[PDB]
Structures are given as structure tokens and as C-alpha cells.
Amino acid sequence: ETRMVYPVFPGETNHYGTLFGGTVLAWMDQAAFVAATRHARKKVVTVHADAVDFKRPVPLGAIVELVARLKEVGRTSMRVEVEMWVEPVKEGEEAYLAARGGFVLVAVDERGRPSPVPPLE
């Protein structure tokens, strides 16, 4: 698993005071990029993203955790699922899934051509 936690500050929000969607997309892609690089052990690029759902808003000041997991491997491509959870700090409240999405990354050689990646296990 690949994890990244972020406090949500004003600079990452929209005018409503919630985490901007473009920002969550960038963080998820970064997370997928890291998980894919770890598996392929070489340079990778994002080629596709699908089914990204923004289920619940992320308020200013929330702590969110991104978790990326390799779901399947083809030959040079990898599909990574990324989830974003907001973890409440005040006792009582519980963590909830704010967003989730899938990304397909491709490993490439120094020439930039698709390169084979190890199978998953």
C-alpha cells in the first residue's frame, strides 16, 4: 500500500471552504504514480483514469488519508485504485470515504517506450 496524509488548508480549498476537486485528483494521481513506480521499479506515466467518484465533501481543516493499491497488472500497464478518507480528530466522529478512483499507469524505458512490469501477487 501507498499512503499519504494531508491537513486541508485554505490554499487547497475552493470558495466553499472544501477541498477543491482538482486538488483531490492531483493527489490521487500522485499516489497512483508512487504505487506504480514502486511496483514497476522504473519510470511510469499516467495514461488513463476512470470512475472517480466524489462522494462526500472534505471540509477546511480536515485530515485526509490517501491509500493507493495495485489492483491488476497487464504487460506494461498497471491499474491502481485510490481512496481518500477523511479522519475525524474529535472523539466520537468516525472516518468516512470521501472519494475513490482508478488509474492506469504505464512503465516506460529510457526511450519512453512501454516496458514490461513484474506480475502482481
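For every residue, the number given is its place in the sequence shown, counted from 1.
What stretch has the higher average Cα B-factor here, 91-99 or 69-77?
91-99 has the higher mean C-alpha B-factor.
Going by the average Cα B-factor in the PDB entry, point out whether 24-32 or 38-46 comes out higher.
Stretch with the greater average CA B-factor: 38-46.
Within this chain's modelled residues, let me know which third the CA B factor of residue 11 belongs to: lowest, middle or highest.
It falls in the bottom third of the chain.
Pull the Cα B-factor of residue 51 out of the PDB entry and bin it into the chain's lowest, middle or highest third.
Answer is highest: the recorded C-alpha B-factor places it there.
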